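Okay, run-v4.cif now, which holds mmCIF, C-alpha atoms and all ligand atoms:
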data_start
#
loop_
_atom_site.label_atom_id
_atom_site.label_comp_id
_atom_site.auth_asym_id
_atom_site.auth_seq_id
_atom_site.Cartn_x
_atom_site.Cartn_y
_atom_site.Cartn_z
CA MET A 1 3.50 15.79 -4.42
CA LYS A 2 4.95 12.49 -3.20
CA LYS A 3 4.11 9.63 -5.55
CA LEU A 4 5.12 5.96 -5.61
CA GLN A 5 4.24 3.20 -8.08
CA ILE A 6 4.09 -0.55 -7.59
CA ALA A 7 3.53 -3.33 -10.13
CA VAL A 8 2.65 -6.89 -9.14
CA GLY A 9 1.97 -10.14 -10.94
CA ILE A 10 0.38 -13.26 -9.49
CA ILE A 11 2.57 -16.08 -10.81
CA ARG A 12 0.51 -19.04 -12.03
CA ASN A 13 1.82 -22.45 -11.02
CA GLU A 14 1.52 -25.80 -12.76
CA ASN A 15 -1.72 -26.54 -10.89
CA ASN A 16 -3.93 -23.50 -11.49
CA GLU A 17 -2.41 -22.23 -8.24
CA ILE A 18 -0.43 -19.02 -7.78
CA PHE A 19 2.54 -18.48 -5.47
CA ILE A 20 2.29 -15.39 -3.26
CA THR A 21 4.56 -13.90 -0.61
CA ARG A 22 3.09 -14.29 2.88
CA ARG A 23 4.93 -11.55 4.80
CA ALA A 24 8.04 -13.67 4.21
CA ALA A 25 7.93 -15.35 7.62
CA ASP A 26 6.36 -12.97 10.13
CA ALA A 27 8.03 -9.67 11.08
CA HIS A 28 4.72 -8.66 12.66
CA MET A 29 1.58 -7.94 10.62
CA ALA A 30 1.24 -11.44 9.17
CA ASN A 31 -1.99 -10.28 7.51
CA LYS A 32 -0.02 -8.61 4.70
CA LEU A 33 0.14 -11.65 2.44
CA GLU A 34 1.25 -9.90 -0.75
CA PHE A 35 2.81 -10.85 -4.09
CA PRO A 36 6.07 -10.00 -5.95
CA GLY A 37 6.40 -6.82 -8.00
CA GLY A 38 7.66 -4.04 -5.81
CA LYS A 39 9.90 -1.11 -6.86
CA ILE A 40 8.76 -0.84 -10.50
CA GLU A 41 8.29 2.83 -9.72
CA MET A 42 11.98 3.87 -9.73
CA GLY A 43 11.90 5.48 -13.17
CA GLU A 44 10.22 3.04 -15.53
CA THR A 45 6.82 3.05 -17.23
CA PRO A 46 3.71 0.94 -16.45
CA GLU A 47 4.91 -1.23 -19.35
CA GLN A 48 8.66 -1.70 -18.77
CA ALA A 49 8.38 -1.03 -15.04
CA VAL A 50 6.79 -4.43 -14.40
CA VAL A 51 8.44 -6.25 -17.30
CA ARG A 52 11.81 -5.06 -16.04
CA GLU A 53 11.14 -5.54 -12.33
CA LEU A 54 9.63 -8.93 -13.19
CA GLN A 55 13.10 -10.37 -13.67
CA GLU A 56 14.01 -8.73 -10.38
CA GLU A 57 10.84 -10.07 -8.75
CA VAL A 58 10.89 -13.47 -10.46
CA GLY A 59 14.45 -14.09 -11.57
CA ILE A 60 13.32 -17.31 -13.20
CA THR A 61 12.03 -17.81 -16.73
CA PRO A 62 8.22 -18.09 -16.52
CA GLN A 63 5.54 -17.78 -19.17
CA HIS A 64 4.28 -14.73 -17.35
CA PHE A 65 2.44 -11.83 -18.95
CA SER A 66 -0.81 -9.85 -19.31
CA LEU A 67 -2.54 -7.69 -16.71
CA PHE A 68 -5.41 -9.03 -14.61
CA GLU A 69 -6.34 -5.63 -13.17
CA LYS A 70 -4.94 -2.29 -12.00
CA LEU A 71 -5.73 -0.16 -8.95
CA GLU A 72 -4.84 3.54 -8.86
CA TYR A 73 -5.49 5.42 -5.62
CA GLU A 74 -3.84 8.31 -3.78
CA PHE A 75 -3.68 8.47 0.01
CA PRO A 76 -4.16 11.77 1.92
CA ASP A 77 -1.14 13.51 0.37
CA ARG A 78 0.27 10.32 -1.16
CA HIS A 79 0.06 8.73 -4.61
CA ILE A 80 0.20 4.93 -4.55
CA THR A 81 -0.15 3.04 -7.84
CA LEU A 82 -0.76 -0.71 -7.74
CA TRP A 83 -1.06 -2.77 -10.92
CA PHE A 84 -2.19 -6.39 -10.66
CA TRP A 85 -0.64 -8.39 -13.51
CA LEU A 86 -1.73 -11.83 -14.69
CA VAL A 87 0.68 -14.77 -15.03
CA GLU A 88 0.14 -18.10 -16.69
CA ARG A 89 3.22 -20.20 -15.83
CA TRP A 90 6.66 -20.23 -14.21
CA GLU A 91 9.61 -22.61 -14.60
CA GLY A 92 11.30 -23.99 -11.50
CA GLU A 93 10.70 -21.73 -8.50
CA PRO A 94 10.08 -17.95 -8.29
CA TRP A 95 12.92 -16.01 -6.70
CA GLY A 96 13.69 -12.73 -8.44
CA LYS A 97 14.23 -10.53 -5.39
CA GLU A 98 10.85 -9.94 -3.71
CA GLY A 99 12.38 -10.74 -0.33
CA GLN A 100 9.40 -12.71 1.00
CA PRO A 101 9.51 -16.53 0.67
CA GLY A 102 6.23 -17.94 -0.62
CA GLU A 103 4.50 -21.18 -1.59
CA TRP A 104 2.31 -22.36 -4.48
CA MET A 105 -1.24 -21.59 -3.32
CA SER A 106 -4.54 -21.81 -5.19
CA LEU A 107 -5.42 -18.26 -6.27
CA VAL A 108 -8.99 -19.36 -7.02
CA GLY A 109 -9.45 -19.27 -3.25
CA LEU A 110 -7.37 -16.25 -2.29
CA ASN A 111 -8.14 -14.69 1.10
CA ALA A 112 -8.59 -10.98 1.75
CA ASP A 113 -7.86 -11.73 5.43
CA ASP A 114 -4.32 -13.13 5.07
CA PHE A 115 -3.41 -10.48 2.51
CA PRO A 116 -3.32 -6.70 3.25
CA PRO A 117 -6.85 -5.30 3.94
CA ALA A 118 -5.85 -2.02 2.29
CA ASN A 119 -5.93 -3.84 -1.05
CA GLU A 120 -9.39 -5.42 -0.75
CA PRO A 121 -11.14 -3.36 -3.50
CA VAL A 122 -8.97 -5.28 -5.96
CA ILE A 123 -9.43 -8.71 -4.42
CA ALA A 124 -13.13 -7.99 -3.92
CA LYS A 125 -13.38 -8.41 -7.69
CA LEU A 126 -11.37 -11.63 -8.12
CA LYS A 127 -12.26 -13.00 -4.68
CA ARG A 128 -15.87 -13.32 -5.79
CA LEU A 129 -14.45 -15.19 -8.78
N1 LIG B 201 -0.34 -4.94 -3.33
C1 LIG B 201 -0.18 -4.03 -2.35
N2 LIG B 201 0.88 -3.13 -2.45
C2 LIG B 201 0.97 -2.21 -1.36
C3 LIG B 201 0.09 -2.21 -0.30
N3 LIG B 201 0.48 -1.20 0.54
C4 LIG B 201 1.59 -0.55 0.06
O1 LIG B 201 2.20 0.45 0.59
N4 LIG B 201 1.88 -1.19 -1.12
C5 LIG B 201 2.99 -0.76 -1.99
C6 LIG B 201 3.03 0.73 -2.36
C7 LIG B 201 4.46 1.24 -2.18
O2 LIG B 201 4.98 1.80 -3.39
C8 LIG B 201 5.31 0.06 -1.70
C9 LIG B 201 6.05 0.34 -0.39
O3 LIG B 201 6.82 -0.80 0.00
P1 LIG B 201 7.99 -1.36 -0.96
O4 LIG B 201 9.14 -0.44 -0.90
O5 LIG B 201 8.40 -2.73 -0.24
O6 LIG B 201 7.40 -1.68 -2.28
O7 LIG B 201 4.39 -1.03 -1.79
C10 LIG B 201 -0.90 -3.12 -0.30
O8 LIG B 201 -1.73 -3.13 0.68
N5 LIG B 201 -1.07 -4.06 -1.32
MG MG B 202 11.76 -5.01 -7.17
#
In structure tokens, what does this structure look like?
Amino acid sequence: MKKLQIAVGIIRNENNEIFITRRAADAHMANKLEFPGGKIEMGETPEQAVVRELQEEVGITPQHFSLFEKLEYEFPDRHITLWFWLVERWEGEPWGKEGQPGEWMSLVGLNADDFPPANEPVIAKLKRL
């Protein structure tokens, strides 16, 4: 009964663009362009898990809050929970502790190709805008 939760939040920049983590630099599998919000599982709740890890995945002080969407699926003998949170602003630069340097990119034109294909069902909704 192995289960693991993950909570993410696309940080909204000052130009209707959101900063995401593009596999940091490379480390193989560059098509895993993901966003901050990893490790909320630990022992928190869908509410404090992200809110708490947010500081750890943002570090800065951004007007960030609200959930855009949430995906709950369990792999063949695995339980992976992924919550997509919505962000409206962020002061300075996002650091927290995601571990994958990113840049301010327009979310309105996010690509399911650069990001992980295993998380398309979620993007399939926003991707179509
Ligand atoms: N957004 C997103 N999260 C994912 C994908 N695949 C995947 O294992 N995760 C999550 C679930 C796990 O709890 C966790 C494993 O790596 P971390 O320890 O770096 O968070 O990340 C994915 O394709 N998209
Ligand atoms: Mg974390």
Residues within 12 Å of ligand LIG 201 (chain B) should be enumerated using only C-alpha atoms and all ligand atoms and returned as a VMD selection string.
-> chain A and resid 2 to 10 20 to 24 29 31 to 42 53 57 69 to 75 78 to 85 97 to 100 112 to 123
Nearest-residue call for residue A:1, choices A:13, A:55, A:64, A:77, using only C-alpha atoms |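 When distances to residue A:1 are compared using only C-alpha atoms, the smallest one comes from A:77.
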Which polymer residues have any atom within 9 Å of an atom of residue A:15, counting all atoms listed in the file, with same-chain residues fewer than 2 positions away left out, as an NGL selection string?
-> :A and (12-13 or 17-18 or 104 or 106)
For atom CA of residue A:45 and atom CA of residue A:66, quote the distance in Å rounded to one decimal.
-> 15.1 Å
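Remark: for ligand MG 202 (chain B), the closest of the candidate residues A:26, A:88, A:56, A:103 is A:56 (distances computed over only C-alpha atoms and all ligand atoms).
The space between atom CA of residue A:107 and atom CA of residue A:87 spans 11.2 Å.
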Given the choices A:96, A:62, A:43, A:76, which gets closest to ligand MG 202 (chain B) if the distance is worked out from all atoms listed in the file?
-> A:96
